[PDB]
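This report refers to the structure that appears directly beneath it.
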Amino acid sequence: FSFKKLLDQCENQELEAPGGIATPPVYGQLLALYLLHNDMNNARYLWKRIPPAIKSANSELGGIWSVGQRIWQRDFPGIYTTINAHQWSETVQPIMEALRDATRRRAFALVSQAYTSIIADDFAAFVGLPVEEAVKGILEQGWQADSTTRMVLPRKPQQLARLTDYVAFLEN
Amino acid sequence: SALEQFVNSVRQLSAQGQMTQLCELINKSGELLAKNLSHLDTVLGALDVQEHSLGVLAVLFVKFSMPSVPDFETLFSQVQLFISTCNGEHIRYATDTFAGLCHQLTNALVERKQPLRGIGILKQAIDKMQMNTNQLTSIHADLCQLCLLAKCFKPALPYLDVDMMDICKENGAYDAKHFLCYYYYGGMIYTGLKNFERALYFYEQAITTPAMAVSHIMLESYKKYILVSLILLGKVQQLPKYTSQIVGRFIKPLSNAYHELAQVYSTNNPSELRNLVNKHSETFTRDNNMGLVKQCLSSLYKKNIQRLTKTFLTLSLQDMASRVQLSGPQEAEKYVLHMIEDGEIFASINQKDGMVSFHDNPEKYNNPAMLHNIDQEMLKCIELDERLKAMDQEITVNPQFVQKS
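Quick note, the sequences are listed as chains H and C, same order. With PDB author numbering as the guide, the letters of the first sequence map in order to residues 11 to 167, 195 to 209. To convert a position in the second sequence, counted from 1, into PDB author numbering, add 2.
Structure, rendered in structure tokens:
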């Protein structure tokens, strides 16, 4: 819930500026939070708004834009391998873990909603975790597995005041 | 010399209470204040920004109206302070000077490098001159222009989602160049956020202005309309009948490439479209609308699957891949996954035998959520009816009326 007010205050700090350029931490936090909320258009426009000097000065923005492009292309293993390839600063650390587990939950929801029979390897690639613990876990939540063929088969998951207002409006 | 008498007269005329004399004397004495260039002490003086808003407004407008202003930062800070700590209601008399000052300010911000710095300032002016939040004004066009050129779309959303009823005449300074531009930059800002319905609505509203001539932005608005209509629908939406005859004779034959795009798109053939868009790349790149035409190319693969939904209960990936011609069963799974993720289709992938199954059971229309949606639609129709009734009641009282019948 603090992410919403953080976004509000960061956007306010970006809107008012001596020359329209805020601190690099502000850019990093704003772009990371835009990636967290799955709002790609605003994140891309913010990235294009960044002046070349400040974005070239720090490779943190470059890496976060790389993971943003990975999100754009919807390559989930790319998401899980890019997010753990660089060592990140403190100001952006406690938001990317939320990004990671939110994307994990979204991937689980997508698999449960769309796929009816998925090979265990592809499901493990989507989740980003080894096959064994994912298989046991989905066994507990209630997804039937299949050995030998190694297949996963997930299962899909006051009035009267309004009425008198309506009658009063219609009676004219 | 005359500055002392001018400021004193402003003092007693503002203290007396009656207002229009100030506005009619300031607008006809600009020559007096434009031949000093040393009235920086007169800008502040004893003129507080609260009570003497019009006096300093005229001074700032005159100071900022001269070409090639030497000092930008000082005037920027002065106008920022004036807008932030303004009066609120006294500005509503000299609306023309306010609009001119804001237009000059937007030009001076955009002229060097940066439109962004003024954005907030403009969003502070909007609320201090318009009578109601649903009241279109010329400054909205400047706000949209600065927003589009600053590549920060979000801050302009609150001033665009709300509908605009009635337009301020602002002493006969609101010509068509401030109304056609606003509804076109609105289409620009919405087409970049993938909200195609409202972008199409704004483009259509911009098309049907009454105009016995051909303008520049009208052609671009028509081109982006013909692109967006193909993007969202599968066909060109017919223009409303209340359109000027100029569009049916001049603008239509001028834009032939886009009509050819529409004609080819109507055949649902994803092969000839690539050749057509490759051949006519020069004009599209010149118009600088690249990105809204590749979306048209990608729309065929999203529409053919929806068309197949109406016929096939289930399919093998190979057959449907050959039908839609994306050259590979593997990419068919990717497209189906994207479609089901974005919610345009209700499909299921079954990889044990190469299956795409089409579950056409989206809703039963018996949950309380549907009742809540119906209630929400009712509370908007009721507001619309109330607004029309209020407008009719206002019309039935005008002394110009009652005598025509």
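C-beta: ideal position from N, C-alpha, C; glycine also.
Any alpha helix (DSSP H) of 4 or more consecutive residues that is wholly inside the segment 258 to 291 of chain C: Listed in chain order, they are 258 to 267, 274 to 281, 283 to 289.
Contact residues within the segment 29 to 40 of chain H, judged by C-beta distance below 8 Å to chain C: Result list: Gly-29, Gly-30.
heavy atom of the ligand HEM below 6 Å from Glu-75 (chain C) C-beta: Ligands are entirely absent from the displayed structure, and the ligand HEM is therefore not among its contents.
Alpha helix (DSSP H) runs contained entirely in the segment 133 to 172 of chain C, provided each spans 4 or more residues: Whole alpha helix (DSSP H) segments, 4+ residues: 140 to 152, 160 to 163.
Under 9 Å from the C-beta of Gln-353 (chain C): neighbouring residues of chain H: Reading the second sequence from its first residue, position 351 is the one you call residue 353 (chain C). Near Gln-353 (chain C) (Cβ distances below 9 Å), the residues of chain H are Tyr-125, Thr-126, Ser-127, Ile-128, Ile-129, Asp-132, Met-161.
Whole-angstrom distance between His-142 (chain C) and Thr-108 (chain C), CA atom to CA atom: Along the second sequence, one-based indexing puts residue 108 (chain C) at 106. Along the second sequence, one-based indexing puts residue 142 (chain C) at 140. Separation of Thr-108 (chain C) and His-142 (chain C) (C-alpha to C-alpha, rounded to the nearest whole angstrom) is 12 Å.
Counted within 10 angstroms of its Cβ, other Cβ atoms place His-180 (chain C) as buried (16 or more) or exposed: The sequence position of residue 180 (chain C) within the second sequence is 178, counting from 1. Residue burial annotation: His-180 (chain C) is buried, with at least 16 other C-beta atoms found within 10 angstroms of its C-beta.
Cβ-based burial, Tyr-125 (chain H) [other Cβ within 10 Å; buried from 16]: In the first sequence, the residue the question calls residue 125 (chain H) occupies position 115. With 16 or more other Cβ atoms within 10 Å, it is buried.
Secondary structure of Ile-219 (chain C), DSSP reduced to three states: For the purposes of this step, residue 219 (chain C) is identified with residue 217 of the second sequence, where counting begins at 1. The answer is helix: DSSP assigns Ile-219 (chain C) an H, G or I state.
Neighbourhood of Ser-140 (chain C) by C-beta, 6 Å cutoff - its chain only, sequence neighbours within 5 removed: Here residue 140 (chain C) refers to the residue found at position 138 of the second sequence. Residues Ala-101, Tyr-176, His-180 of the same chain have their beta carbon placed closer than 6 Å to that of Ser-140 (chain C), with the five preceding and five following residues left out of the count.
Cβ-based burial, residue 2 (chain C) [other Cβ within 10 Å; buried from 16]: As displayed, chain C neither begins before 3 nor continues past 407, which places residue 2 (chain C) out of reach and without an answer.
Cβ shell of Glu-199 (chain C) (< 6 Å), same chain only, five flanking positions each side left out: Taking the second sequence and counting its residues from 1, the one referred to as residue 199 (chain C) is at position 197. Taken in chain order, the list of residues that qualify is empty.
Beta-ladder partner(s) of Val-358 (chain C), from DSSP: For the purposes of this step, residue 358 (chain C) is taken as residue 356 along the second sequence, with counting starting at 1. DSSP lists C:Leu-317, C:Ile-351 as the beta-bridge partner residues of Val-358 (chain C).
Partners in chain H for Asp-377 (chain C), counting only beta-carbon separations shorter than 8 Å: Here residue 377 (chain C) corresponds to residue number 375 of the second sequence, with the count starting at 1. Within chain H, the residues near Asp-377 (chain C) are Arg-199.
Cβ-based burial, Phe-286 (chain C) [other Cβ within 10 Å; buried from 16]: Locating residue 286 (chain C) in the second sequence gives position 284, counting from the first residue. Per the 10 Å Cβ criterion, buried.
Backbone CA spacing between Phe-66 (chain C) and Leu-77 (chain C) [nearest angstrom]: As a first step, residue 66 (chain C) is located in the second sequence; it is residue number 64 there, counting from the start. As a first step, residue 77 (chain C) is located in the second sequence; it is residue number 75 there, counting from the start. If you draw a straight line from the Cα of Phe-66 (chain C) to the Cα of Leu-77 (chain C), it is about 8 Å long.
Backbone CA spacing between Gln-195 (chain H) and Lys-382 (chain C) [nearest angstrom]: Taking the first residue of the first sequence as 1, we reach residue 195 (chain H) at position 158. Taking the first residue of the second sequence as 1, we reach residue 382 (chain C) at position 380. Separation of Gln-195 (chain H) and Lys-382 (chain C) (C-alpha to C-alpha, rounded to the nearest whole angstrom) is 19 Å.
Rounded C-alpha distance that separates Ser-86 (chain C) from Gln-126 (chain C): Within the second sequence, the letter at position 84 stands for residue 86 (chain C). Within the second sequence, the letter at position 124 stands for residue 126 (chain C). When rounded, the distance between both Cα atoms is 7 Å.
Any C-beta of chain A under 7 Å from that of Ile-342 (chain C): The question asks about chain A, but that chain is absent: this structure's protein chains are H and C.
Where residue 235 (chain H) falls: helix, strand or coil (DSSP): Shown here, chain H extends from 11 to 209; a query on residue 235 (chain H) therefore has no answer.
CB-CB length for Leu-207 (chain H) against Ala-108 (chain H), believed under 8 Å: Position 170 of the first sequence, counted from the start, is the residue given in the question as residue 207 (chain H). Position 98 of the first sequence, counted from the start, is the residue given in the question as residue 108 (chain H). The pair is not a contact, with the Cβ atoms about 49 Å apart (cut-off 8 Å).
Residue from H:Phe-86, H:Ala-32, H:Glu-100, H:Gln-39 with nearest C-alpha to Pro-61 (chain H): Translated into the one-based positions of the first sequence, residue 61 (chain H) becomes position 51. Ranking the options by Cα distance to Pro-61 (chain H), first place goes to H:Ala-32.
Nearest neighbour of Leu-299 (chain C), chosen from C:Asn-277, C:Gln-320, C:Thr-313 [CA to CA]: Here residue 299 (chain C) corresponds to residue number 297 of the second sequence, with the count starting at 1. Taking only the C-alpha atoms, the option nearest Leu-299 (chain C) is C:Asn-277.
Beta-carbon proximity check, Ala-152 (chain C) vs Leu-118 (chain C), cutoff 7 Å: As a position in the second sequence, residue 152 (chain C) is number 150, starting the count at 1. As a position in the second sequence, residue 118 (chain C) is number 116, starting the count at 1. The answer is yes: Cβ separation under 7 Å.
Which of helix, strand or coil DSSP assigns to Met-106 (chain H): Working through the first sequence from its first residue, we reach residue 106 (chain H) at position 96. In the three-state DSSP reduction, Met-106 (chain H) falls in the helix class (H, G or I).
Cβ pair count under 8 Å reaching 3, the segment 366 to 376 of chain C against the segment 324 to 334 of chain C: Touching, no.
Interface flag, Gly-57 (chain C) vs chain H, CB-CB below 7 Å: If you number the second sequence from 1, residue 57 (chain C) lands on position 55. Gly-57 (chain C) does not count as touching chain H.
At least three beta-carbon pairs within less than 8 Å, the segment 185 to 193 of chain C to the segment 252 to 267 of chain C: Segments in contact, no.
C-beta contact flag for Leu-162 (chain C) and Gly-122 (chain C) at 7 Å: Locating residue 162 (chain C) in the second sequence gives position 160, counting from the first residue. Locating residue 122 (chain C) in the second sequence gives position 120, counting from the first residue. Not a contact, by the Cβ cut-off of 7 Å.
Own chain partners of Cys-154 (chain C) with C-beta closer than 8 Å, once the 5 adjacent residues on each side are dropped: For the purposes of this step, residue 154 (chain C) is taken as residue 152 along the second sequence, with counting starting at 1. Within the same chain, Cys-154 (chain C) has close Cβ partners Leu-118, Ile-121.
Test: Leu-111 (chain C) CB closer than 7 Å to a CB of chain H: Within the second sequence, the letter at position 109 stands for residue 111 (chain C). No, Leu-111 (chain C) does not count as interfacial toward chain H.
Where residue 174 (chain H) meets chain C, residues with beta-carbon distance less than 8 Å: For chain H, the structure lists 167 followed at once by 195, and that leaves residue 174 (chain H) out of the model.
Selection of the segment 39 to 58 of chain H by Cβ proximity to chain C, strictly under 8 Å: Listed by position, the residues of the segment 39 to 58 of chain H near chain C (Cβ gap below 8 Å) are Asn-51, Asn-52, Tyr-55, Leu-56, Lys-58.
Whether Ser-329 (chain C) touches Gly-356 (chain C) by CB criterion (7 Å): Indexing the second sequence from 1 puts residue 329 (chain C) at position 327. Indexing the second sequence from 1 puts residue 356 (chain C) at position 354. Contact flag unset, no.
Cross-chain neighbours of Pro-160 (chain C) in chain H, by beta carbon under 8 Å: Against the second sequence, residue 160 (chain C) aligns to sequence position 158. Residues of chain H passing the Cβ test: none, with the nearest at roughly 13 Å.
Integer-rounded CB distance, given that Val-164 (chain C) should sit under 8 Å from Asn-136 (chain C): For this step, residue 136 (chain C) is matched to residue 134 along the second sequence. For this step, residue 164 (chain C) is matched to residue 162 along the second sequence. With a Cβ gap of about 6 Å, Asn-136 (chain C) and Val-164 (chain C) count as contacting.
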